[PDB]
2 protein chains.
Amino acid sequence: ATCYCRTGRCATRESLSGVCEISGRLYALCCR
Amino acid sequence: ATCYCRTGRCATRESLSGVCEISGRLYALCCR
Ligand SMILES: [Cl-]
Ligand SMILES: [Cl-]
Ligand SMILES: [Cl-]
């Protein structure tokens, strides 16, 4: 899948799918 | 990025990047 680790909401064409943890920071997981 | 929601360990070229929550189930987020 194509996915992004986001600092804001997911884009409209993306689905919230979990959490990224990179270098200690949390991100929304947004896939399409 | 290219990401998969895994029930096992990440493949050699993937990095463990977080967790997926899909239909009430936990998975390892594996990204390359
Ligand atoms: Cl973002
Ligand atoms: Cl898997
Ligand atoms: Cl879920």
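Note: the structure precedes this text.
A few points on the structure.

**Focus: the relation of the copies chain A and chain B**
Turning one copy of the chain about an axis and sliding it along that axis gives the other copy, so a rotation and a shift relate them.
Working step 1: When chain A is fitted to chain B, the best match, at an RMSD of 0.3 Å, comes from turning it 178° and sliding it 0.1 Å along the axis. Expressed as an axis order, the relation between the two copies is that of a two-fold axis.
Working step 2: Interface overlap between copies is the fraction of interface residues in one copy that are interface residues in the other; for chain A against chain B it reaches 100%, indicating a shared surface.

**Focus: the nonpolar core**
Working step 1: Of all hydrophobic cores here, the largest spans 8 residues; its members are A:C3, A:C20, A:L29, A:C31, B:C3, B:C20, B:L29 and B:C31.
Working step 2: Elements that contribute at least two residues to this core include exactly β3 (25-31) of chain A together with β3 (25-31) of chain B.
Working step 3: Setting aside chain neighbours within four positions, we find A:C20 in contact with A:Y4, A:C5, A:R25, A:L26, A:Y27, A:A28, A:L29, B:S17, B:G18 and B:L29.

**Side note on the interface of chain A and chain B**
Working step 1: With 11 residues of chain A at the interface, the matching set in chain B holds 11 residues.
Working step 2: Taken over both partners, the interface formed by chain A and chain B buries close to 730 Å², and the fraction arising from carbon and sulfur atoms is 50%.
Working step 3: On the chain A side of the interface with chain B, the three residues burying the most area are A:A1, A:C3 and A:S17, jointly 47% of the side's total.
Working step 4: Here chain A and chain B share 0 salt bridges between them.
Working step 5: At the junction of chain A and chain B, the tally comes to 5 residue pairs in polar contact.
Working step 6: Contributions of two or more residues to the side of chain A that touches chain B are made by β1 (3-6) and β2 (15-22) of chain A.
Working step 7: Among the elements that make up the side of chain A that touches chain B, the one with the highest residue count is β2(A) (6 residues).
Working step 8: The class makeup of the residues in the side of chain A that touches chain B is 7 nonpolar, 3 polar and 1 charged.
Working step 9: One ladder, built from 3 bridges, connects β2(A) with strand β2 (residues 15-22) of chain B; its direction is antiparallel. Bridged to A:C20 within β2(B) is B:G18.

**Some remarks on the side chain of B:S17**
Working step 1: Relative to the helices and strands, B:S17 is located in strand β2.
Working step 2: Looking at B:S17, its side chain comes within polar contact range of the main-chain oxygen of B:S15, at 3.0 Å.
Working step 3: For B:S17, the contacting residues outside a window of four places in its chain are A:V19, A:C20, A:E21, A:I22, B:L29 and B:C31.

What counts, and where the lines are drawn
- Residues numbered from 1 in each chain as written, not as in the entry; some residues may be left out.
- Chains lettered and ligands numbered in written order.
- Heavy atoms only, no water.
- Least-squares fit on C-alpha atoms.
- Contact = heavy atoms within 4.5 Å.
- Core = buried A, V, L, I, M, F, W, Y, C linked by side-chain atoms within 4.5 Å.
- Buried < 20%, exposed > 50% of the residue type's maximum accessible area, 1.4 Å probe, protein only.
- Helix = DSSP H or I, 4+ residues; strand = E, 2+ residues; numbered from the N terminus.
- Buried area = accessible area lost by both parts, 1.4 Å probe.
- Salt bridge = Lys/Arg side-chain N within 4 Å of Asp/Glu carboxyl O.
- Polar contact = N/O pair within 3.5 Å; in protein donor to acceptor, adjacent residues only side chain to side chain.
- Nonpolar A, V, L, I, M, F, W, Y, C, P; charged D, E, K, R; others polar.
- Pairing = 2+ DSSP bridges.

Structural measurements only, silent on function.
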